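Next up: a single chain in structure tokens, the form solved without the named molecule.
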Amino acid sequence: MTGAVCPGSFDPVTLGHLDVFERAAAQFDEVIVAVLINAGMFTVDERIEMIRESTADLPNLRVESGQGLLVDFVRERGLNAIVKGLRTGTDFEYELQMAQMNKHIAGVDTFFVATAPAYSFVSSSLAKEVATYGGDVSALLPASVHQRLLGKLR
């Protein structure tokens, strides 16, 4: 009965995120991708759809939106583990601070995993920025996502 939550804004989801989803799904019985909501490029439903489309091959993963404390999202689903990816540019010190806080207030563990080197320099923000000015990020995003991103720009 093992399980972990993979949280983020995923605006949009990248291959970096997808790599981490796949590893979490390979090592825990149950994975929930938690889509944080609050004003980015994609609506929550769009972000959820894009993740669902890219994770179709992952039978034990589902996608849900949430707000408020992440630890509440995790605990309300009977779990107490978070899996978070590391990339180039990750504010790791802040992630550690949040991990220790989350353990303190709710007994939830956080496991960090480095994304694959090939996907280590992509972030949602940098991909949007580059694509905005016409750079090719098609190798860095799921095929579906890439087409829909081009859609919001053009």
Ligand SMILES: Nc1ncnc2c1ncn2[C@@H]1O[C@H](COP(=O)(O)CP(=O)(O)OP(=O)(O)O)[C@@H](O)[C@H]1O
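Throughout, we count residues from 1 along the sequence that is shown. Only the largest set of C-alpha atoms that superpose within 1.5 Å between the two forms is called the rigid core.
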Exercise. Relative to this form, superposed by the core, which stretch has the greater CA RMS in 8 other deposited structures of this protein: 84-92 or 99-107?
Worked result: 84-92
Seminar exercise, completed: After superposing on the rigid core, the stretch whose C-alphas lie farther from this form in 8 other deposited structures of this protein, comparing 14-22 with 142-150, is 142-150
Seminar exercise, completed: Residues of the deposited chain absent from the coordinates between residue 38 and residue 39 total 1 to 3
Seminar exercise, completed: When mean C-alpha B-factors in the record are compared for 104-112 and 53-61, the larger belongs to 53-61
For this session: Report the stretch with the higher mean CA temperature factor, choosing between 140-148 and 12-20 on the basis of the entry.
Result: 140-148
Problem set entry | Most elevated Cα B-factor in the entry, residues 42, 121, 94, 28 | 42
Exercise. Out of 69, 86, 99, 126, which residue has the highest Cα temperature factor in the PDB record?
Worked result: 69
For this session: Grab the CA temperature factor for residue 4 from the record and place it in the lowest, middle or highest third of its chain.
Result: middle
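Below: the form solved in complex with the named molecule, not depicted.
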Exercise. With the partner left out of view, is residue 144 within 4.5 angstroms of the named molecule in the bound PDB entry by any non-hydrogen atom?
Worked result: no
Problem set entry | Residue contact check: residue 42 to the named molecule in the bound PDB entry, 4.5 Å heavy atom | no
Exercise. Using 4.5 Å between non-hydrogen atoms, is residue 122 touching the named molecule in the bound PDB entry?
Worked result: yes
For this session: Answer yes if any heavy atom of residue 7 is within 4.5 Å of a heavy atom of the named molecule in the bound PDB entry; otherwise answer no.
Result: yes
For this session: Spell it out for me: taking the named molecule in the bound PDB entry, does every residue among 25, 80 and 109 have a heavy atom no farther than 4.5 Å from it?
Result: no
For this session: Taking the named molecule as it sits in the bound PDB entry, which residues of 73-109 have a non-hydrogen atom within 4.5 Å of it? Please list them.
Result: 84, 85, 86, 87, 95, 98
